[PDB]
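Here is the structure we will look at, set down as structure tokens.
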Amino acid sequence: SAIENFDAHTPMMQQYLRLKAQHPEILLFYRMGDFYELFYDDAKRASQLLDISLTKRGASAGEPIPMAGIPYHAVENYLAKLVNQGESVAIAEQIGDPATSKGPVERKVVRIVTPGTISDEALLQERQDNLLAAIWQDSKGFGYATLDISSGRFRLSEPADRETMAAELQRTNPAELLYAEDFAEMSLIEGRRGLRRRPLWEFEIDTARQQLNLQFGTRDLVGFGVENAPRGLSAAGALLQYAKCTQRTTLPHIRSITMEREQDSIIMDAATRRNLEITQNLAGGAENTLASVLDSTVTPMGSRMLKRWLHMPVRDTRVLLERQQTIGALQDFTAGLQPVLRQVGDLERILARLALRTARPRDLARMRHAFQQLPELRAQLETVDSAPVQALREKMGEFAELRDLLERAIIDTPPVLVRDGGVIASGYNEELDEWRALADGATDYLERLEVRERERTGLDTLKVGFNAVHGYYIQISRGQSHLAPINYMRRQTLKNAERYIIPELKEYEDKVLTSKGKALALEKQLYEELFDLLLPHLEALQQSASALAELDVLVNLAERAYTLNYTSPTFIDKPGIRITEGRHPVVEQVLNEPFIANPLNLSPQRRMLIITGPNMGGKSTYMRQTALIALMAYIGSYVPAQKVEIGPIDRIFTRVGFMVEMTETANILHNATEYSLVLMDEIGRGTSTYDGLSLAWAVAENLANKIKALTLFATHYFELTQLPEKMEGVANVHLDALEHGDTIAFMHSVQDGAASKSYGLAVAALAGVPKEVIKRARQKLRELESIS
Amino acid sequence: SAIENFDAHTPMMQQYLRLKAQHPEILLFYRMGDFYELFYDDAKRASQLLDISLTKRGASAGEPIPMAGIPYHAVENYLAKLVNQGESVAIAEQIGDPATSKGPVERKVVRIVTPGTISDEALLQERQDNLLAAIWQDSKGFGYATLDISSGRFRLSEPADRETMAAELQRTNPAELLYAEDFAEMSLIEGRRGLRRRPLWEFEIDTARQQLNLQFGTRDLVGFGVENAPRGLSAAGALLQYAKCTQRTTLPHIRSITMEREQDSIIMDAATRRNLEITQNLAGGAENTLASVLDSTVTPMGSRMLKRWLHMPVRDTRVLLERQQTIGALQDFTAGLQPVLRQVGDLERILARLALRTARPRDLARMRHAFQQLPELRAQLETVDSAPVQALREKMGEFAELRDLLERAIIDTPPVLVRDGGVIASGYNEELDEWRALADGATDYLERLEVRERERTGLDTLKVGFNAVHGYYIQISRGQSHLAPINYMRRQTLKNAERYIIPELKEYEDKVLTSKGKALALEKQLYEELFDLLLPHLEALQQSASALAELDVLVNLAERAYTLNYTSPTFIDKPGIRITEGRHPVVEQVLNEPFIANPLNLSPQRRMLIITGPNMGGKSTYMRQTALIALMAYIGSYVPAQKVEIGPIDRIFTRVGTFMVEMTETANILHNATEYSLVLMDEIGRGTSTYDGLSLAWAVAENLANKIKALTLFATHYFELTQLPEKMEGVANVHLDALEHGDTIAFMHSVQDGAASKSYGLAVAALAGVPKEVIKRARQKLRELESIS
DNA sequence: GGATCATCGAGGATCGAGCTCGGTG
DNA sequence: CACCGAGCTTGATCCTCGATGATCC
Ligand SMILES: Nc1ncnc2c1ncn2[C@@H]1O[C@H](COP(=O)(O)OP(=O)(O)O)[C@@H](O)[C@H]1O
């Protein structure tokens, strides 16, 4: 090993060292001319992650530095790979003037690209939330906070237990997860993506309160109703500090925080969320999910918002009623609204780039286009007699000042980057128009010169061209090169051409580049100026984008409710579910022939249903569709049924069927209430004769008589059909099956009472089993059936 | 839409539409300068499959032509993406010089890259078989053939029924599958990859017999013992014609064909193959598979061969005994052999590229390196008292003539491609040495000219460089450019440099170019010449590579047997399995908590074992370890046990682990199982009601015991079936106990006689932390029902 | 029909600062 | 005796020649 003390290294490597010292463990994109160079294990790692060239740079103090570098103009395709990989990156830039820097130029880490704090369009997934979360454990319980950097949506929670925390982890699904060093239950977290171990002092309450009050500009957090959540504030404080470190600027879009209380939303355990296949089927794909069907939103921001609504069913009936009324009122206006809403696009993530001062020309172009739709939206909504519509129409705003600003400032279709100019429009700044006049005098001036010089010289091959390196020139063919006027000054020789410069041309070249340099520098002044003019209205713009997004969701759900023939569910104060011709919203759309609709009647006098009938009969589907109907009822959406009356639901507990089973069941029985919805799916793996059955008789008895939760208890055990005999508030239903020889047809139709027989025989007869074996099974069944 | 008729297009585009007509449905890599361009539908699909630039050609024919292209020197990495997606590609090349062609230059489809016919190293997966297969359906039965284009392994079969065909499909797992137009049961092949629909006349017997006899140079196929397989020959005939069509070349490595007979191999259905996790766990991954553990072979060729052996367990006792004896004789020699075998590498797929005349420089280098190891292998095997070892040592050969040839011909480490020459070594060819001596003697002249011109001019920045377009030049800095001698003729100006030429430099440039062009052209003559000298010994080299591959498998299994402490299984004439301290070969290695070994006694007096107890990955494992032990016993390998006696096994049925799929697998077992069959039933009847599930399991257990009399390990939760041994003979009760003590449970993976006498679903629920009232309710209600039993 | 005129690919230096060597006045 | 003036150091990016075919009045 060579001696690598601070003094022995070169001045640029010493500058790299202290910047790298403030980011020891993450890759440092070090701006070096036109290339973000990395060094040592950052270069060799970058080389392996990005598939780029690992070169080296000569050092005079032992080890030549392992070097890997990326052009500043191709940096995003390599960050895309890293951000996909759950990798944090600090972007160091050249700041100062090279002409007045004898040693290394002034450099700064201006932003850290992390998997939960990315705003750039190309890095993010169009229709997926990308949330940066913080978790924190105490002796008492858990403290949690999630921030959508690209909307400024910062939410909080204090999960009571380990099981609730695992349900919140799965619900939110953080892209980057900050956790404290004294975190005990590592089993919840270890193996999750974007895992960042941080010190304890980052989770200090006094620093958190100060930082959050400062950010919101409030005296206390009484206004937000999070003053009495010290656990959740500790997480939010660590998160905000991390967010202001990954940007090293103010986050003005973060003006508010809301608490997601246990009684505010329906708490669905990890199994339920997976079993219902909300945004993720059990295989991990996005096909045959509740999102894929319900999500026909015309904006990605609405897509996420609807997907956000699906993840968290709201229990506040007032919000739900307003959505139900709205969906009903807008159902007639969908055709006219959707094509207008479609043009708005992803305005949410554009405002994030405005707030972070990272917005690109076409972000401002789409924002301008979004404002141009507001009048047509305001016009089409004015007649809709609905208080919530008029509330979101007022919240929508106008922004006539900002609409005029962008219309004057920016051209119709600017390029991707301001770097190469041509973004600010003509008339806005008449100094800029003057600087451009010289730059765009080339079409006539240099063409006029070409004619004069061609006619004057009498060299027919004479043509005026430009070259990025050498600048402008007069080009003559090799054959006619020696005949050039003596006033022509040799500049560039080519294989079959000679390129010259004349006093009038070098005057032009000197002035056309100094004009470009001025025009370009002023454009970037006027560009950074637009942020100064737009940031003050960010509050109104966020509420506007939030209102437009919410409109897209409810216009979509209005389209879906009409197209797929859904109805409005009504609410009662006490527990119960009365469905009439209820369907599975996903399965009926994916399988291309009519799904068989079924009713439901759950009440305190009829709270448990013992569901018999054959497997692959849609027994599991019927219980799922109920939870999905309950989900969609408590997102404020219309439901796939002819009629639904539903009571308050605090939790949905689902067990689909070993160790994990009995564990999930125990969690259900402990934490379930009368208001809880329970779906038991033939849960049982008995290690003896009735070991499984005996447990399902005692679990069904407990749920019915002790907890008294609304339950759909699907079971293959035929002995459980004797529970209604001895237990009150327990009833038998079954999915009918029709035997017709060596085959069986599944009706998928729920009937009262227990199924006439079991169909293990029928399934075996369809397997094509020898007749003596079948006749033996029919004989031996009647022997054992005789025992009861 | 604008008219794209044949006449309106350019002669070049007409030449594309000519050759594209002979390949209507597959992507055509059209060589266009230094780019394999595609056009119209081919360019937009390629753009979407490869993630390349979809560009356009300015045309005289209406719609501007959708164009997508890849450089000729980068073709492979893009073919890799296509052939692993199951995409066939025709590679069209420029053959003539375009400058002396009045119309478009003469072009040719030299090879078709198809998923089952890839010869190139980069396209193939190192340690996975890539079979081109042909299937046909007849009024009589099924006809099948598989070709490993790389190994020269040509196989055929006439699967007995629909079930055997599905088992053969899954076993072979063809990369490309040829099937006839009158193929009825499409359900067998419905979702399979690389599906090619072909006409029926390609499956004509007289054409097949003629083509196969021609290829092997035989009068009849009596020699191969495939003369009385008309169905299998029809498939093989269509397959050979397709293989010749894809290469457009003779296949001299295809000299032999072997039949996969029904009585030669243990028939395992698709479920068994998946459930045992041989090369593929149920999740589809390569981890916790029999291959991943047993495959410590030092060559990919050996890796595939061992993997091929695992897929097809042989019943010929003579082959197994030779492997068992060999593995035993190699045990003490392993340490010295494996590092030598490791250097051989993938010689099998290299010989494929030799036979197809597609071999790349480093393929010839690794072949030379493989020959250099033969003497050391032959030396270390010399004393091994084993007829099969000495048989494979003789079959190995020497090739001292070919070893010397390649040592003289080719340099130590050539580049990846012949394109830029520098492959043929100095001394081999006196003409080559002359063409290079001029190329390097000009290089030293032009370096000496740099010194002369530097001293003469007095310009310190003066530097002699080279450029593909310009050739050579003299480079001076912009500051010192005007001081250049007047005889210096400016050619190229740069930002801070000027490049010149003199008649003395272009005299020397004329020598370097003519030296290059001749040296390069002659190198490719001497390169194509090496194939002419090597092809004649291909038969001996295939037998050599086959012997080396087989040695690597048996050296590996000898290493594994010694390292993992396996023993040699002995065979009896009638069915039975007597294991002493048998282990699961995978699970014991993956979990570093020491595995609990157990015996087995299956016989006609003890055919069915009713296995009770908590499963906890010890009941399913115990049944699967038996099938794996039976697998490894009939691959000729040592087995994870202290002693094993095993009888003949014709099939292995595993319904271990949708309830409809279970009853389907079970139905297939009961229909086709014999006394020689091994059956593993894992708590079937789970999904349907208490009584109906039990009723089926009773009927199935009674049928298997009394009617079929197959060797069965019948795992169940149903405790009523533990009364079967009371009634009838050849049925016995065993169980895995668990020991309750406080707030913990010890799950014993140790097999005991009799039926389990306790419930532990209560105990596991009590550890889950279930309320005691619910537990006591379950125990209360159980004792009410169990006391009546 | 024959000088004239597209068109796609191949290299290729540059982009641009920074450290190091090399004179150098 | 410091101080200018050269070297080369990652993937895009024009840029121009190469090589070729196409052209059409
Ligand atoms: N009510 C229904 N109408 C039509 N098809 C249905 C219905 N219920 C279920 N199915 C179909 O049957 C399949 C099996 O349903 P599932 O609830 O999984 O059955 P089980 O739990 O009995 O195995 C579903 O994928 C769906 O395609």
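These protein sequence lines are chains G and Z, in that order. When you line the first sequence up against the UniProt record's numbering, it's residues 2 to 658, 670 to 800, in that order. When you line the second sequence up against the UniProt record's numbering, it's residues 2 to 658, 669 to 800, in that order. Just so you know, even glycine gets a beta-carbon here, dropped at the ideal spot from N, CA and C.
DSSP-derived helix/strand/coil call for residue i
i        : result
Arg358/G : coil
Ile799/Z : coil
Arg128/Z : coil
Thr571/G : strand
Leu632/G : helix
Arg275/G : helix
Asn6/G   : coil
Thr675/G : helix
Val640/Z : strand
Distance cut-off 7 angstroms: residue i Cβ against heavy atoms of ligand 1
i        : result
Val588/G : yes
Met674/Z : no
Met692/G : no
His760/G : yes
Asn276/G : no
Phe596/G : yes
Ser621/G : yes
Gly87/G  : no
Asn599/G : yes
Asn593/G : no
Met617/G : yes
Check: residue i C-beta below 7 angstroms from any heavy atom of ligand 2
i        : result
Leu732/G : Inclusion of ligand 2 in the displayed structure is not the case, the ligand content consisting of ligand 1 alone.
Alpha helix (DSSP H) segment containing residue i, residue limits
i        : result
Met490/Z : Run containing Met490/Z: none in the alpha helix (DSSP H); it sits in the beta strand (DSSP E), 490-495.
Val556/G : 539-564
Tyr79/Z  : 76-84
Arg607/Z : That residue, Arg607/Z, is in no alpha helix (DSSP H); its beta strand (DSSP E) goes 607-613.
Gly329/G : 318-331
8 angstroms Cβ cutoff, residue i in contact with chain Z
i        : result
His728/G : yes
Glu228/G : no
Range of the contiguous beta strand (DSSP E) that encloses residue i
i        : result
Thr699/Z : Segment: none, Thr699/Z is in no beta strand (DSSP E) and carries neither H nor E.
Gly70/G  : 66-72
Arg156/G : 154-158
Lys57/Z  : 55-58
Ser478/G : 472-478
CB contact check: residue i to chain G, cutoff 8 angstroms
i        : result
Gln339/Z : no
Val775/Z : yes
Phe670/Z : yes
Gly780/Z : yes
**Item:** Within the segment 176-259 of chain G, ranges of the alpha helix (DSSP H) (whole runs, at least 4 residues)
**Value:** 206-217, 231-246
**Prompt:** Which parts of the segment 724-796 of chain G are runs of the alpha helix (DSSP H), unbroken and 4 residues or longer, counting only runs that do not cross its ends?
**Reply:** Taken in chain order, the complete alpha helix (DSSP H) segments of 4 residues or longer contained in the segment 724-796 of chain G are 735-738, 772-778.
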